[PDB]
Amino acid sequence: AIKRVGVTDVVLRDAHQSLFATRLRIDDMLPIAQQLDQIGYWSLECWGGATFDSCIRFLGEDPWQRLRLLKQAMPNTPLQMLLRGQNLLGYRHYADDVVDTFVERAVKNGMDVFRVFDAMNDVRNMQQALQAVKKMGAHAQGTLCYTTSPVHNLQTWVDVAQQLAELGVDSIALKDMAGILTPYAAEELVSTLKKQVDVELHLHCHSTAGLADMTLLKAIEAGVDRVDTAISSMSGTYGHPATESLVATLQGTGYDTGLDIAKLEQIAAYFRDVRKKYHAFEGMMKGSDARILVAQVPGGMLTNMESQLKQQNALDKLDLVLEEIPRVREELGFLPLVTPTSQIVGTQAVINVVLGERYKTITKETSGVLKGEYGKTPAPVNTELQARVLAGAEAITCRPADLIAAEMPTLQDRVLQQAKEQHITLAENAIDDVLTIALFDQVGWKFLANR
């Protein structure tokens, strides 16, 4: 049943993260904030993802002060973030109290909509954060990270989507970080999900392999409720389809977003000038990258792998590494090649090729996947390698966060003391700084000392 399609703009988060290393500063945002807020977007994505790490590591911005500045700039349009479930914006699984504290504080500082994902689509890692988002009156969007494999099919996707609907989520996001979701695969998967699961659907696709404009359009024809787009001047390549373009397309159809091309083009003009300033951080790809089309290796993965193959010399072994990825991926139970898992498969595959021996040196990360430390892989991992890193302990088959003790009081302890010992002034809400240290440790301490 055809109805108005809702739009979330990613310009203030994933566009810049994807386009120029997450370097967009808050003072480049605020002058165009009132105009963004008057558009009628379903939500504006403007936090989480790599913006926390960028804020504290490169920009000299407090991520929480940024949030409050945006929310004051933009009273009408709900703010969206991307949050990696039990990992939050950090490097490891955290205790439940850390998760709960983070959502509260994010909502207090002005956050509305929460897109909560897990790289393996193990719904258990999403549960606590979704729970707390719902508990904080906020809007919970549970996520499926799209992938392709011998063990992912319509039946598997529907049952994950169902588990999330069962958790009470407010909507479900379908996210294709690599841009590998084809238009006709999108048509089928969305249609199917709209037949089986009683939830609003919201699609996120990258333009990196050139599929994303066609994909969003085929998902809209199959009935997707919402899509993510970027402002025209901040779209394309590594990022996302243009807003105006998909706005123009749906005009005078039943899907008509009702967005104003003229009011949108003004914002695009603003960002065209802003984007020029950041030219030093732009990747080198022009058009789209067909390499990704060949074997579903995401472009960010190929980059990271080639670098490692540079810093060992022997870049001529690239083709062997490429044939190694599928082998290593199967052995680790067909985990999606999605951040930060893709780097685990890539590093290990590079090691398997360089060292001339399959699994001679096994990384801390490959081991942890096998031992169940990240959750349930889509298909059971290889037993011959698992037992070899267990020798002979048991596998973790529970939600890893069941095994980790409460952190917030012991952490709150360390932070207030060290801050005083180091003569560091903490925020008006000290807990926010405690959270920064939880997630980024020394990087967070260096930021707080310099704030």
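Numbers follow the displayed sequence, beginning with 1.
Of the two stretches examined, 50-58 and 418-426, the record assigns the greater average C-alpha temperature factor to 418-426. Per-stretch averaging of Cα B factors for 247-255 and 365-373 places 365-373 on top. Highest C-alpha temperature factor among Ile39, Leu30, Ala391, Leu411, as the PDB entry reports it: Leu411. Annotation for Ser43, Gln65, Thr383, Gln35: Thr383 ranks highest, by Cα B-factor. The PDB entry assigns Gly283 a C-alpha temperature factor belonging to the lowest third of its chain's modelled residues. In this PDB entry, the Cα temperature factor of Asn109 sits in the middle third of its chain's modelled residues. Residue-level temperature factors show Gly300 in the middle third of its chain, judged at the C-alpha atom. Sorting the modelled residues of the chain by their CA temperature factor places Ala1 in the highest third. When the modelled residues of the chain are ordered by C-alpha B-factor, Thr101 sits in the lowest third.
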